[PDB]
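Numbers and lists here come from the model and the stated rules, or from a named source; no laboratory instrument gave them. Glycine also receives a Cβ, built like all others from the backbone with ideal geometry; neighbour counts cover every protein chain displayed.
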Amino acid sequence: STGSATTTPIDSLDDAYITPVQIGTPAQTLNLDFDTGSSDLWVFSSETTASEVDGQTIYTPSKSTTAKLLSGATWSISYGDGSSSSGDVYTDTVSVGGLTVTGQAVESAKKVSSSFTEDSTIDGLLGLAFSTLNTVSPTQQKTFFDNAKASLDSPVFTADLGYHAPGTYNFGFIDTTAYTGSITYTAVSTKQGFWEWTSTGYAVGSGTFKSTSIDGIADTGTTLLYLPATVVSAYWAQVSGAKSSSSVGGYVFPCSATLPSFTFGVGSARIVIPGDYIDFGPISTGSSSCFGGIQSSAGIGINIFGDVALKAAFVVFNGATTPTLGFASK
Ligand SMILES: O=C(NNC1=NCCC1)c1ccc(Br)cc1
(Lines give C-alpha, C1' and ligand atoms only; values in the text may rest on other atoms or scores of the structure.)
Protein backbone atom coordinates (compact mmCIF):
# COMPACT_ATOMS: atom_id res chain seq x y z
CA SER A 1 0.00 0.00 0.00
CA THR A 2 0.87 3.68 -0.22
CA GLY A 3 -0.58 7.01 0.83
CA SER A 4 -0.11 10.57 -0.36
CA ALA A 5 -1.48 13.71 1.31
CA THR A 6 -0.96 17.42 0.75
CA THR A 7 0.39 19.43 3.66
CA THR A 8 -0.44 23.13 3.87
CA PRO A 9 1.17 26.02 5.83
CA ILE A 10 -1.09 27.26 8.61
CA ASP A 11 -0.15 30.90 8.02
CA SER A 12 1.91 33.24 5.86
CA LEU A 13 5.11 32.47 7.81
CA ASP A 14 5.02 28.67 7.48
CA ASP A 15 4.82 28.45 11.27
CA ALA A 16 3.58 24.87 10.92
CA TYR A 17 1.92 22.61 8.34
CA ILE A 18 -1.39 20.80 8.53
CA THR A 19 -2.39 17.60 6.75
CA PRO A 20 -5.96 16.24 6.57
CA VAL A 21 -6.46 12.93 8.35
CA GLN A 22 -9.61 10.75 8.30
CA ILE A 23 -10.55 9.29 11.68
CA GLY A 24 -13.39 6.93 12.43
CA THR A 25 -16.45 5.61 10.63
CA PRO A 26 -17.97 7.58 8.98
CA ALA A 27 -14.80 9.58 8.50
CA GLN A 28 -14.16 12.63 10.65
CA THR A 29 -11.52 14.74 8.91
CA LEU A 30 -9.16 16.66 11.20
CA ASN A 31 -6.15 18.74 10.16
CA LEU A 32 -3.14 17.43 12.04
CA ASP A 33 0.41 18.67 12.48
CA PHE A 34 2.65 15.81 11.29
CA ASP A 35 5.51 15.80 13.77
CA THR A 36 8.69 13.77 13.22
CA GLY A 37 9.82 15.02 16.64
CA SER A 38 7.16 13.19 18.68
CA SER A 39 5.25 9.92 18.70
CA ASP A 40 1.67 10.56 19.83
CA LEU A 41 -1.36 10.95 17.56
CA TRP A 42 -3.63 13.21 19.60
CA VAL A 43 -6.70 15.23 18.73
CA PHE A 44 -9.02 17.88 20.00
CA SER A 45 -12.18 16.00 20.88
CA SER A 46 -15.62 16.00 22.40
CA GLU A 47 -13.76 15.33 25.69
CA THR A 48 -11.59 18.46 25.52
CA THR A 49 -12.31 21.00 28.26
CA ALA A 50 -14.76 23.37 26.59
CA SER A 51 -12.93 26.57 27.54
CA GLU A 52 -9.79 25.17 25.85
CA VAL A 53 -11.43 24.67 22.45
CA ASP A 54 -11.52 27.74 20.13
CA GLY A 55 -12.32 27.00 16.49
CA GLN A 56 -10.67 23.58 16.14
CA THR A 57 -12.45 20.65 14.57
CA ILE A 58 -13.04 17.93 17.15
CA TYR A 59 -13.09 14.16 17.01
CA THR A 60 -16.24 12.69 18.57
CA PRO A 61 -15.61 9.00 19.27
CA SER A 62 -19.26 8.34 20.17
CA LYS A 63 -20.13 9.11 16.52
CA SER A 64 -17.65 6.56 15.17
CA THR A 65 -18.85 2.98 14.86
CA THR A 66 -15.25 1.75 14.84
CA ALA A 67 -14.06 3.68 17.95
CA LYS A 68 -13.28 1.68 21.06
CA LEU A 69 -12.09 3.03 24.40
CA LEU A 70 -8.62 1.73 25.22
CA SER A 71 -9.54 0.95 28.78
CA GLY A 72 -7.32 2.44 31.44
CA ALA A 73 -4.98 4.17 29.03
CA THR A 74 -3.95 7.79 29.54
CA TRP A 75 -1.39 10.05 27.90
CA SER A 76 0.39 13.28 28.69
CA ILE A 77 2.98 15.09 26.60
CA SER A 78 5.11 18.22 26.73
CA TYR A 79 6.73 19.73 23.63
CA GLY A 80 9.99 21.65 23.23
CA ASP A 81 8.15 24.93 23.04
CA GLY A 82 6.59 24.45 26.50
CA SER A 83 3.18 23.43 25.15
CA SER A 84 1.38 20.34 26.40
CA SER A 85 -1.73 18.19 26.27
CA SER A 86 -3.16 15.10 27.94
CA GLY A 87 -6.16 12.82 28.01
CA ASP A 88 -7.40 9.28 27.39
CA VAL A 89 -7.24 6.94 24.42
CA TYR A 90 -9.41 5.28 21.80
CA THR A 91 -8.52 2.92 19.00
CA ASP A 92 -10.08 3.70 15.64
CA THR A 93 -9.51 3.58 11.91
CA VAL A 94 -7.18 6.29 10.66
CA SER A 95 -6.44 7.09 7.01
CA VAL A 96 -3.87 9.46 5.54
CA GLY A 97 -3.92 10.13 1.85
CA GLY A 98 -5.61 6.83 1.04
CA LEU A 99 -3.49 4.71 3.43
CA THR A 100 -5.57 3.11 6.17
CA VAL A 101 -4.59 1.74 9.57
CA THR A 102 -7.14 -0.08 11.69
CA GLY A 103 -6.74 -0.14 15.47
CA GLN A 104 -4.66 3.06 15.58
CA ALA A 105 -4.35 4.68 19.01
CA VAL A 106 -6.13 8.02 18.80
CA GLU A 107 -5.31 10.02 21.91
CA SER A 108 -8.25 12.17 22.89
CA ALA A 109 -7.33 15.44 24.63
CA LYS A 110 -9.02 16.30 27.87
CA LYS A 111 -6.64 19.24 28.39
CA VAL A 112 -4.49 21.30 26.08
CA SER A 113 -2.22 24.23 26.87
CA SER A 114 -2.97 27.75 25.79
CA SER A 115 -0.83 27.75 22.64
CA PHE A 116 -2.91 24.87 21.27
CA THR A 117 -6.19 26.58 22.15
CA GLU A 118 -5.01 29.78 20.52
CA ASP A 119 -4.17 28.07 17.24
CA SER A 120 -7.47 27.42 15.57
CA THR A 121 -5.86 25.78 12.53
CA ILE A 122 -4.29 22.74 14.26
CA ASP A 123 -6.75 20.02 15.32
CA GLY A 124 -4.04 17.79 16.81
CA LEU A 125 -0.68 16.16 16.16
CA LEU A 126 0.36 13.01 14.31
CA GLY A 127 3.69 11.82 15.66
CA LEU A 128 6.23 10.25 13.29
CA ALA A 129 9.25 9.79 15.57
CA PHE A 130 10.00 6.32 16.99
CA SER A 131 7.29 4.60 19.01
CA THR A 132 9.61 4.38 22.02
CA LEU A 133 8.67 8.05 22.70
CA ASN A 134 4.91 7.40 22.74
CA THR A 135 3.46 8.61 26.05
CA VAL A 136 0.48 6.27 26.45
CA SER A 137 0.44 4.51 29.83
CA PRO A 138 0.40 1.77 30.99
CA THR A 139 0.67 0.21 27.50
CA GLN A 140 2.76 2.26 25.07
CA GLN A 141 1.22 2.60 21.62
CA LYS A 142 2.59 2.59 18.10
CA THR A 143 2.72 5.49 15.69
CA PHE A 144 0.66 5.57 12.51
CA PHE A 145 3.83 4.87 10.50
CA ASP A 146 4.84 1.92 12.66
CA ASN A 147 1.36 0.41 12.36
CA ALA A 148 1.32 0.96 8.57
CA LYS A 149 4.88 -0.15 7.92
CA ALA A 150 4.39 -3.82 7.20
CA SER A 151 1.67 -3.05 4.64
CA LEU A 152 3.66 -0.38 2.83
CA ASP A 153 5.30 -1.08 -0.51
CA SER A 154 8.54 0.23 1.08
CA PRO A 155 9.00 1.03 4.79
CA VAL A 156 9.44 4.78 4.27
CA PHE A 157 7.70 8.11 4.38
CA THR A 158 8.81 11.35 2.80
CA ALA A 159 8.41 14.99 3.72
CA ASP A 160 8.33 17.58 0.95
CA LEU A 161 7.43 20.82 2.70
CA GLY A 162 6.73 23.95 0.68
CA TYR A 163 8.06 27.46 1.16
CA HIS A 164 4.97 29.64 1.47
CA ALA A 165 3.15 26.90 -0.46
CA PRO A 166 1.66 23.44 0.00
CA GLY A 167 3.77 20.30 -0.09
CA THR A 168 3.37 16.56 0.32
CA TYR A 169 3.74 13.69 2.77
CA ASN A 170 4.03 10.32 1.02
CA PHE A 171 3.95 6.92 2.71
CA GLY A 172 5.39 3.75 1.20
CA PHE A 173 7.12 5.12 -1.91
CA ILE A 174 9.69 7.66 -3.07
CA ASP A 175 8.37 10.01 -5.76
CA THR A 176 11.36 10.29 -8.07
CA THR A 177 9.76 13.29 -9.82
CA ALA A 178 9.72 15.36 -6.61
CA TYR A 179 13.45 16.12 -6.32
CA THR A 180 16.47 17.01 -8.41
CA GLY A 181 19.72 15.11 -8.57
CA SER A 182 20.21 12.18 -6.18
CA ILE A 183 19.13 11.43 -2.62
CA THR A 184 22.03 11.28 -0.14
CA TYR A 185 21.38 8.94 2.75
CA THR A 186 22.93 9.35 6.17
CA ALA A 187 22.95 7.27 9.36
CA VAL A 188 20.34 7.65 12.09
CA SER A 189 20.61 7.02 15.81
CA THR A 190 17.33 5.97 17.39
CA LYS A 191 18.79 5.98 20.92
CA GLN A 192 16.80 9.07 21.98
CA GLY A 193 13.70 8.11 19.94
CA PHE A 194 14.26 10.79 17.29
CA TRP A 195 15.39 10.87 13.67
CA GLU A 196 18.83 11.88 14.89
CA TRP A 197 21.67 12.29 12.43
CA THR A 198 24.98 14.13 11.98
CA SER A 199 25.32 16.95 9.48
CA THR A 200 28.81 17.27 8.00
CA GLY A 201 29.02 21.08 8.20
CA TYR A 202 27.75 24.40 6.95
CA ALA A 203 28.33 27.50 4.89
CA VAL A 204 26.93 31.02 5.17
CA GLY A 205 25.98 32.65 1.88
CA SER A 206 28.72 32.28 -0.71
CA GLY A 207 31.27 31.57 2.01
CA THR A 208 33.52 28.56 2.28
CA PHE A 209 32.09 25.34 3.67
CA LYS A 210 33.12 24.51 7.23
CA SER A 211 33.50 20.79 7.81
CA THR A 212 32.24 20.06 11.30
CA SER A 213 29.93 17.40 12.79
CA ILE A 214 26.55 18.74 13.91
CA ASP A 215 24.35 16.17 15.65
CA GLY A 216 20.69 17.02 15.39
CA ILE A 217 17.16 15.82 14.73
CA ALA A 218 14.97 16.07 11.67
CA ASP A 219 11.83 17.58 13.21
CA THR A 220 8.90 18.59 11.00
CA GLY A 221 7.09 19.74 14.16
CA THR A 222 9.59 22.51 14.96
CA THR A 223 9.36 25.69 12.91
CA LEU A 224 12.94 26.96 12.98
CA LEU A 225 16.51 25.75 12.55
CA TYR A 226 18.30 25.52 15.91
CA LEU A 227 22.09 25.14 15.70
CA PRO A 228 25.13 25.64 17.95
CA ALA A 229 25.76 29.20 19.07
CA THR A 230 29.05 29.37 17.14
CA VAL A 231 27.29 28.51 13.86
CA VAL A 232 24.38 30.86 14.51
CA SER A 233 26.70 33.75 15.41
CA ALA A 234 28.64 33.19 12.18
CA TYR A 235 25.40 33.37 10.18
CA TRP A 236 23.97 36.53 11.75
CA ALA A 237 27.34 38.32 11.65
CA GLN A 238 26.75 38.53 7.90
CA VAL A 239 23.53 40.55 8.37
CA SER A 240 24.04 44.25 9.17
CA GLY A 241 22.22 45.21 12.33
CA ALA A 242 21.38 41.67 13.39
CA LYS A 243 21.67 40.94 17.11
CA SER A 244 20.55 38.51 19.74
CA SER A 245 17.77 40.04 21.81
CA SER A 246 17.15 38.56 25.25
CA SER A 247 13.86 40.48 25.45
CA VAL A 248 12.55 39.04 22.17
CA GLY A 249 14.06 35.59 22.75
CA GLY A 250 16.57 35.21 19.93
CA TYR A 251 18.22 36.76 16.94
CA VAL A 252 16.44 39.63 15.26
CA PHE A 253 17.45 41.61 12.20
CA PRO A 254 16.35 44.73 10.34
CA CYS A 255 13.36 43.93 8.16
CA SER A 256 15.11 45.96 5.44
CA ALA A 257 17.88 43.33 5.18
CA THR A 258 18.43 40.83 2.41
CA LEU A 259 19.39 37.58 4.15
CA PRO A 260 22.18 35.28 2.99
CA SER A 261 21.52 31.63 2.28
CA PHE A 262 22.60 28.89 4.69
CA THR A 263 24.02 25.59 3.48
CA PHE A 264 24.11 22.38 5.52
CA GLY A 265 26.00 19.21 4.73
CA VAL A 266 24.54 15.74 4.28
CA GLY A 267 27.53 13.51 3.78
CA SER A 268 29.34 14.98 0.77
CA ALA A 269 26.10 16.59 -0.45
CA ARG A 270 24.86 20.10 0.31
CA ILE A 271 21.36 21.49 0.95
CA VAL A 272 20.98 25.23 0.43
CA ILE A 273 18.37 27.14 2.43
CA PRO A 274 17.62 30.39 0.55
CA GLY A 275 17.87 33.56 2.62
CA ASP A 276 14.17 34.29 2.26
CA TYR A 277 13.37 31.05 4.13
CA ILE A 278 15.13 32.51 7.19
CA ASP A 279 12.82 35.58 7.43
CA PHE A 280 10.05 35.15 10.03
CA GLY A 281 8.78 38.69 9.74
CA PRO A 282 8.13 41.49 12.20
CA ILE A 283 8.52 40.59 15.88
CA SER A 284 5.19 42.39 16.48
CA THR A 285 2.77 43.91 14.02
CA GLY A 286 4.25 46.98 12.33
CA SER A 287 7.75 46.52 13.76
CA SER A 288 10.82 46.95 11.58
CA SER A 289 12.64 44.32 13.64
CA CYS A 290 12.26 40.87 12.09
CA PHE A 291 12.65 37.48 13.73
CA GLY A 292 15.32 35.14 12.47
CA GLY A 293 14.74 31.60 11.28
CA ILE A 294 18.12 30.32 12.47
CA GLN A 295 18.45 30.38 16.25
CA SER A 296 20.77 28.98 18.89
CA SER A 297 20.16 25.50 20.27
CA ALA A 298 22.13 26.34 23.40
CA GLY A 299 20.10 25.04 26.34
CA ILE A 300 18.04 22.62 24.23
CA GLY A 301 20.64 19.90 24.51
CA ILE A 302 20.46 18.97 20.81
CA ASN A 303 20.29 20.72 17.46
CA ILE A 304 17.01 20.79 15.57
CA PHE A 305 16.65 20.69 11.79
CA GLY A 306 13.13 22.06 11.82
CA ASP A 307 10.94 23.25 8.97
CA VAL A 308 13.29 26.04 7.88
CA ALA A 309 15.87 23.39 6.96
CA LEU A 310 13.61 20.55 5.91
CA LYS A 311 11.53 22.59 3.49
CA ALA A 312 14.69 23.26 1.44
CA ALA A 313 14.89 19.51 0.76
CA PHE A 314 13.03 16.37 -0.21
CA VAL A 315 13.47 14.25 2.91
CA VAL A 316 13.22 10.48 3.16
CA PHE A 317 12.48 8.93 6.55
CA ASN A 318 13.62 5.36 5.95
CA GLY A 319 12.10 3.07 8.56
CA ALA A 320 13.86 -0.10 7.46
CA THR A 321 15.32 -2.38 10.16
CA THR A 322 18.27 0.00 10.27
CA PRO A 323 16.69 3.42 9.81
CA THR A 324 18.35 6.13 7.75
CA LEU A 325 17.53 9.64 6.49
CA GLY A 326 17.79 10.80 2.91
CA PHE A 327 18.06 14.38 1.63
CA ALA A 328 17.77 15.66 -1.93
CA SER A 329 17.62 19.13 -3.38
CA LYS A 330 14.38 20.05 -5.16
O1 LIG B 1 8.37 19.26 20.49
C2 LIG B 1 9.17 18.99 19.60
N3 LIG B 1 8.82 18.78 18.32
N4 LIG B 1 7.48 18.80 17.97
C5 LIG B 1 6.71 19.86 18.24
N6 LIG B 1 7.07 20.97 18.76
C7 LIG B 1 5.95 21.91 18.96
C8 LIG B 1 4.72 21.10 18.58
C9 LIG B 1 5.24 19.81 17.98
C10 LIG B 1 10.62 18.85 19.89
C11 LIG B 1 11.23 17.62 19.72
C12 LIG B 1 12.54 17.42 20.09
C13 LIG B 1 13.24 18.48 20.63
BR14 LIG B 1 15.04 18.22 21.14
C15 LIG B 1 12.68 19.71 20.79
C16 LIG B 1 11.36 19.90 20.41
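From the list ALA67, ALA109, which residue is within 16 Å of the ligand (Cβ to nearest atom) and either on the phi > 0 side of the Ramachandran plot or surrounded by 15 or more Cβ atoms within 10 Å (Cβ to Cβ) (or both)?
Within the list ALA67, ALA109, the selection yields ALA109.
Name the strands (runs of 3 or more DSSP E) wholly inside segment 140-249 in which the number of residues that are of a type in the set (A, V, I, L, M, F, W, C) is 3 or more.
Details: elements: 156-160, 167-171, 184-187, 196-204, 210-218, 225-227, 243-245.
Strands (runs of 3 or more DSSP E) meeting the threshold: 156-160, 196-204, 210-218.
Does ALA309 qualify as being touching a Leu at 6+ places or on another chain (Cβ under 6 Å) and either assigned by CATH to the domain that holds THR168 or not in a strand (DSSP E or B) (or both)?
Against the criterion (touching a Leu at 6+ places or on another chain (Cβ under 6 Å) and either assigned by CATH to the domain that holds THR168 or not in a strand (DSSP E or B) (or both)), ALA309 qualifies.
For the condition away from the ligand (no atom under 16 Å from the Cβ), hydroxyl-bearing (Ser, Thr, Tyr) and in contact (Cβ under 8 Å) with a residue 24 or more places away in the chain, what is the one hit in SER240, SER211, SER246?
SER211
If I filter segment 23-46 down to residues being buried (at least 19 other Cβ atoms within 10 Å of the Cβ) and more than 16 Å from the ligand (Cβ to nearest atom), which single residue comes out as nearest to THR117 (Cα to Cα)?
Out of the qualifying residues, it is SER45.
Only one of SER329, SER289, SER247 is surrounded by fewer than 23 Cβ atoms within 10 Å (Cβ to Cβ), farther than 19 Å from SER233 by Cα and out of contact with any helix residue (DSSP H, G or I) (no Cβ under 9 Å at 6 or more places or on another chain). Can you tell me which?
None of the other options fit; the residue is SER329.
Any chance segment 53-62 includes a residue that's closer than 18 Å to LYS111 by Cα and within 16 Å of the ligand (Cβ to nearest atom)?
Yes, segment 53-62 contains at least one residue that is closer than 18 Å to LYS111 by Cα and within 16 Å of the ligand (Cβ to nearest atom).
Kindly indicate whether any position in segment 254-269 is in contact (Cβ under 8 Å) with a residue 24 or more places away in the chain, over 25 Å from the mean Cα position of the chain (by Cα), part of a strand (DSSP E or B) and over 12 Å from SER296 (Cα atoms).
Checked segment 254-269: at least one residue is in contact (Cβ under 8 Å) with a residue 24 or more places away in the chain, over 25 Å from the mean Cα position of the chain (by Cα), part of a strand (DSSP E or B) and over 12 Å from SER296 (Cα atoms).
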